[PDB]
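Each protein sequence line maps, in turn, to chains A and A'. A prime marks a further copy of an entry chain.
One gets PDB author numbering by counting positions in the first sequence from 1 and adding 1 to each.
One gets PDB author numbering by counting positions in the second sequence from 1 and adding 387 to each.
Written below as structure tokens is the structure these notes are about.
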Amino acid sequence: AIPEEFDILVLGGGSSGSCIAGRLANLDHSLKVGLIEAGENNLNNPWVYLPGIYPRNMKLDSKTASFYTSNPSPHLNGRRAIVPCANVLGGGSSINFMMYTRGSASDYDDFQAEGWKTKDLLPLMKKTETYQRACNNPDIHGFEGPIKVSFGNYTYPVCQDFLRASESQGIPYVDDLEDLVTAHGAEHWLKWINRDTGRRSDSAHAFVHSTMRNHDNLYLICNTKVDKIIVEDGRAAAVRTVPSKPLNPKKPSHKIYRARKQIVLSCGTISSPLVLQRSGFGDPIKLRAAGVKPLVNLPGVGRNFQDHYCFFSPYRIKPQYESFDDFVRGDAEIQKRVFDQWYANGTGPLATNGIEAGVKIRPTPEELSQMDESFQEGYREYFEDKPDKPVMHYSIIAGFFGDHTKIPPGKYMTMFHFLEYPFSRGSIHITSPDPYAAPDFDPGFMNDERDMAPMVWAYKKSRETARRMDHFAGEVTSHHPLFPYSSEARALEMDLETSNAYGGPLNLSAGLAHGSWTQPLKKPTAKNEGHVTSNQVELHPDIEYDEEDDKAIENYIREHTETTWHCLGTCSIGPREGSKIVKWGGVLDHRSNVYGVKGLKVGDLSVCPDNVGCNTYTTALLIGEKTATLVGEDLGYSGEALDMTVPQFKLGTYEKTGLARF
Amino acid sequence: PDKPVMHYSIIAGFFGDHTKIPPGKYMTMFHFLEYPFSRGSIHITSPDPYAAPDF
Ligand SMILES: Cc1cc2nc3c(=O)[nH]c(=O)nc-3n(C[C@H](O)[C@H](O)[C@H](O)COP(=O)(O)OP(=O)(O)OC[C@H]3O[C@@H](n4cnc5c(N)ncnc54)[C@H](O)[C@@H]3O)c2cc1C
Ligand SMILES: [Mg+2]
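Next comes the structure, spelled out in structure tokens:
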């Protein structure tokens with residue numbers, strides 16, 4: 002039922018690869034497009050389409066992730082950060098936290114490609130999603146794309162508090178932070194959730210599984226890891242593959258698919274440089290170490306790796322407030338209701354991503370003056386020039402994203418912060434011919450001195466905005482930076498009466514404190530009389546820092562940052578000779594053709610020369626449709642019907658038609 | 388020769404605030420120095436019986 006020779010191969014099941022695959026199959030119908038993926042098929046998989054069970058996908062024993070491990074680095078205090086990668090069809094779209102956001106207009110301009118300008122990509126960004134939200138800026142958001150975006154069907158009350166708290170810190174509340182022209186802001190964060198159904202909006206169901214029902218000319222080859230891309234006579238005409246799991250040691254197996262006219266790498270920013278390097282694309286010197294024969298000289302493959310630096314800081318919440326923390330804990334009685342409401346209706350806690358509100362930031366020069374002089378020096382060259390770019394982002398999660406086995410029982414609200422444009426640059430490289438062998442690579446977290454100041458400053462900022470929220474009960478001190486014990490900057494725990502409130506009536510140890518493990522939090526200043534009851538506020542004292550209280554936050558960040566999976570770079574656009582933005586030299590042409598070979602293209606999110614200050618999923622879709630359009634013109638097909646609409650039953654706004662709301 | 392310098396035992400549980408520790412079952416070691424060298428003091432600050440001494 003599967004033929005050996007596809008017309009257009011599309012390696013990878015990544016969200017970008019599903020874009021290229023779905024769009025490409027659609028343009029001709031007659032054309033035969035075969036997609037190859039190293040992972041399980043995900044059609045109608047309950048653990049994928051329903052949004053609220055996202056954290057499970059990240060477990061270490063979890064099937065759907067690869068968990069690459071980095072070489073140890075001094076900068077992380079000897080820490081060896083894991084760098085997880087998606088391993089299911091649809092890529093990370095089947096796994097992601099479903100945060101929605103969009104990068105600055107300056108970002109796409111920074112690629113400085115012959116194309117790829119924001120002015121050109123705006124319509125293409127507009128073509129790939131419908132916008133369930135009550136849009137005000139309708140000249141930018143699409144309104145009838147395959148992928149749906151909304152606020153979900155449930156809303157934790159945390160968001161209003163986070164907004165009233167952020168607004169008091171001099172951070173403006175902007176209705177749309179995805180406008181592409183903003184630094185400071187706050188918003189009720191959008192999610193990749195189909196509001197009309199409550200399902201996750203991954204690219205696979207929207208592009209691949211929606212096309213296959215409708216059209217015969219698409220082949221899905223799940224569970225076949227790519228080994229190598231055979232190339233001869235200057236054309237990339239084949240791709241030998243191996244099974245994803247080597248279950249038959251005595252007789253290893255492989256298969257060689259053929260592509261008549263085009264080939265495409267959408268394997269993600271980690272796997273892809275490896276696949277090029279196994280084919281011999283790289284430095285001959287670096288490649289002889291693995292014994293692979295160097296076919297083409299591309300030093301830039303594997304270089305210029307880039308991430309974001311998230312780190313979580315939980316704060317305990319009052320007992321009376323709602324959280325998803327007890328669902329993922331997870332109780333057998335709460336969880337039953339949480340599912341039962343979703344099947345019965347479609348609107349429940351399960352039908353929402355955890356994160357509820359968030360704040361992009363660009364520091365005031367007055368507060369910028371106290372940052373380390375190195376970062377000031379970086380700010381002048383990098384951000385001084387451009388107004389559009391945020392330096393750092395943080396949001397708020399209505400629960401604890403982490404291991405609940407290792408934290409005290411209760412309900413928490415956890416702040417999430419990720420640096421927007423880390424200066425640091427990593428690398429990656431294969432060590433062995435074997436597909437299965439783990440690459441050695443240096444993500445290079447905190448490799449550059451300049452990356453620390455914004456991190457510390459955002460912890461100092463987010464703590465203050467979590468201290469002004471109505472929900473706040475006290476920091477969880479075990480998961481906060483290790484301040485000296487007598488410091489006034491210290492992370493205080495929950496009150497005694499709240500300790501009784503969580504402990505239950507029958508506890509024999511609530512306020513009992515021996516060993517001084519934690520310090521009780523002081524009562525809030527009394528509400529003013531003579532104010533309107535709705536305007537009264539009771540508030541904790543502001544905290545202040547010294548050098549010894551800064552070193553602690555610094556060590557905290559060094560010892561607890563990790564990849565945010567916004568990884569990109571490696572194979573990237575630029576001159577073959579080299580450029581300032583890509584010191585080792587680029588490998589792609591502006592038309593996404595790999596240098597030195599004919600017929601090979603990259604659809605990965607790796608393509609980007611430099612960071613996009615937004616969650617990476619949107620650029621995945623966008624780059625996937627760029628490479629799709631490029632393949633389209635490369636085939637010589639007319640600009641008429643060059644647009645490649647997927648089948649879908651469009652639902653209107655509920656007031657336009659009666660069949661579309663929750 | 389008779390005098391121990393220090394003692395510790397073992398408690399078949401966690402003697403402390405269970406609200407502030409992750410859920411599970413623990414065995415907690417307990418150690419107390421036998422003869423601390425240090426010497427303290429105590430003194431009343433006020434005539435009132437109820438007043439807390441500084442010490
Ligand atoms: C846990 C998690 C949470 C995230 N949350 C968010 C979020 O909330 N919002 C957001 O914007 N971004 C988020 N992302 C990041 C975002 O999903 C990724 O940037 C995006 O999916 C990148 O897509 P890609 O096409 O570049 O790579 P991928 O989606 O990883 O595509 C790569 C595919 O190729 C396959 N593959 C790899 N090697 C081979 C090989 N040798 N042969 C065959 N197949 C291979 C992989 O199995 C995978 O399916 C998150 C990511 C993680 C993983
Ligand atoms: Mg990834």
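Each residue gets a CB set at the ideal place from its N, CA and C atoms; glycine is no exception.
- Under the Cβ distance rule, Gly427 of chain A' does not count among the residues neighbouring chain A, no pair being separated by less than 9 Å.
- Short note on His210 of chain A: C-beta not closer than 8 Å to any heavy atom of ligand 1.
- The alpha helix (DSSP H) runs of length 4 or more contained entirely in the stretch 548–610 of chain A are, from start to end of the chain, 548–561.
- For a Cβ distance threshold of 7 Å, residue set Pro410 of chain A' lies close to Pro410 of chain A, ordered along the chain.
- Secondary-structure assignment with DSSP links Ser510 of chain A through no beta bridge to anything.
- For a cut-off of 8 Å, the C-beta gap from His76 of chain A to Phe446 of chain A is around 7 Å, short enough to register as a contact.
- Taken through DSSP and simplified to helix, strand or coil, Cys20 of chain A comes out as helix.
- DSSP places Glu6 of chain A inside the beta strand (DSSP E), whose first and last residues are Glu6 to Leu12.
- Distance from the CA atom of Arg134 of chain A to the CA atom of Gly355 of chain A, rounded to whole angstroms, is 18 Å.
- Across the stretch 462–491 of chain A, no CB contact with chain A' closer than 8 Å is found for any residue.
- The shortest C-alpha to C-alpha distance from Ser324 of chain A to any of A:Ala333, A:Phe313, A:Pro350 and A:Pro300 is the one to A:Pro350.
- Distance between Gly604 of chain A and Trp117 of chain A, taken at the CA atoms: about 13 Å.
- Three or more beta-carbon pairs drawn from the stretch 397–413 of chain A' and the stretch 499–510 of chain A are found closer than 8 Å, and the two stretches are therefore classed as touching.
- Residues of chain A whose Cβ lies closer than 9 Å to the Cβ of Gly403 of chain A' are, in chain order, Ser510, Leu513, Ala514, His515, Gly516 and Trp518.
- Contact between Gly427 of chain A and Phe306 of chain A is confirmed by a C-beta separation of about 3 Å, below the 8 Å threshold.
- At least one beta carbon of chain A' lies nearer than 9 Å to the beta carbon of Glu494 of chain A.
- Interface with chain A (9 Å Cβ-Cβ cutoff): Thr432 of chain A' is excluded.
- In this chain, the alpha helix (DSSP H) harbouring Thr466 of chain A covers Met453 to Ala467.
- With respect to chain A', the C-beta atom of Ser324 of chain A has no partner C-beta closer than 9 Å.
- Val538 of chain A and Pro410 of chain A' have their C-alpha atoms roughly 34 Å apart.
- The way I'd put it, the stretch 108–128 of chain A does touch the stretch 611–629 of chain A; three or more beta-carbon pairs between them come closer than 8 Å.
- Within the stretch 341–404 of chain A, complete beta strand (DSSP E) segments of at least 3 residues are found at 356–362 and 393–398, given in chain order.
- Judged by DSSP secondary structure, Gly269 of chain A falls within the alpha helix (DSSP H) whose first and last residues are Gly269 to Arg279.
- Residue contact with chain A' for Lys407 of chain A: present (Cβ-Cβ distance below 9 Å to some residue of chain A').
- Less than 9 Å separates the beta-carbon of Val598 of chain A from that of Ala237 of chain A.
- Taking a C-beta distance under 9 Å as the contact criterion, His309 of chain A and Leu420 of chain A qualify as a contact pair.
- When only Cα atoms are considered, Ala438 of chain A' and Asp389 of chain A' end up about 42 Å apart.
- Where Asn305 of chain A is concerned, the enclosing beta strand (DSSP E) starts and stops at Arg304 to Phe306.
- Here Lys412 of chain A' is exposed. Its C-beta has fewer than 16 other C-beta atoms within 10 Å.
- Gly504 of chain A reaches chain A' at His405 and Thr406, counting residues in chain order whose Cβ is nearer than 8 Å.
- Around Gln336 of chain A, the same chain offers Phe328 as residues with beta carbons nearer than 6 Å, after the five sequence neighbours per side are excluded.
- The three-state reading of DSSP puts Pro409 of chain A in coil, since its state is none of H, G, I, E or B.
- The alpha-carbon of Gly400 of chain A is positioned some 15 Å away from that of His418 of chain A.
- Under the DSSP definition of a beta bridge, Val613 of chain A lacks any partner.
- DSSP lists A:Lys192 as the bridge partner or partners of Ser151 of chain A.
- Residue range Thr415 to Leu420 is occupied by the beta strand (DSSP E) that includes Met416 of chain A'.
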